[PDB]
């Protein structure tokens, strides 16, 4: 095993200054075809390695001119004439001259900045979500990690749409925003109040500090209203049955699926019959959440058998009993026909 050692372990430069990195191999890297397969790689933090130099000194396509490699035999150097902000990471040498191929131990290159700035301001909103009633007074709060005086705005965003400014400078209502919105607070703690909730106020609400760059937003508060209406009308399920695909039969298992689509109320019974013999204990049910828009439910029932058992029987049926059906509905298939 050719061992590749690198020096230094790590180095720091001020932005735009040069850096030099060295690689030492335990044996000569000269291949018998007189090529020297020494390569250099950069691995930016959290990313894949990327190839910079091959055969000691050649740049790959698109590699900037500020990277150069030199050396011969057992001693190799990579020079970075100017370390730019996107050049930071771990540099590795590697050899492709003798099996097993090996890589160096890595040299970390970082930028040392003497000035340390104030940290980014963090905005934290409370609660994360809430469910309320039309007519309620609703208050949500925002806490800033630094004192931001009154430089705080509130936004409303509905799914699929852009945010909309509601309040700026902690308490000023923007033009066109209804007067039921108001804001208060100063320093680190801010409040958005909706004086009397209306159905169109369902949305996520965000605060944003406007005091110091970078401008930062809170993580959002979701405001929900659960509907206070009657039940929807009875909806009969439409029923579909699916034989196992021939793909799945190639796996020794057969799943038969029965679909009950868009029914109301929730109570429904599904029985499976194989060759008109009622089944029990070999099917599983799964139900959607009540649909957001038409308030129906949907249901799948899956019957599982071995391929051997599936091929011994002819007719597969699911029988559905539901209040919206005048009598139980049967959907079936006969194995082998189309």
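Positions refer to the first chain, counted from 1.
In this entry, the higher average B-factor at the C-alpha atoms falls on 106 to 114, of the pair 106 to 114 and 238 to 246. According to the PDB record, 261 to 269 carries the higher mean C-alpha B-factor of the two stretches 261 to 269 and 215 to 223. Note on 188, 156, 209, 231: the highest value goes to 231, judged by CA B factor as recorded. Which of 43, 280, 39, 300 has the largest Cα B-factor in the deposited entry comes down to 280.
Annotation for residue 251: C-alpha temperature factor in the highest third relative to the rest of the modelled chain, per the entry. Ranked by Cα temperature factor within the chain, residue 62 sits in the highest third according to the deposited record. In the deposited entry, the Cα temperature factor of residue 177 sits in the top third of values across the chain's modelled residues. When the CA B factors of the chain's modelled residues are split into thirds, the value for residue 139 lands in the highest one. Among the modelled residues of the chain, residue 164 sits in the lowest third by CA temperature factor in this PDB entry.
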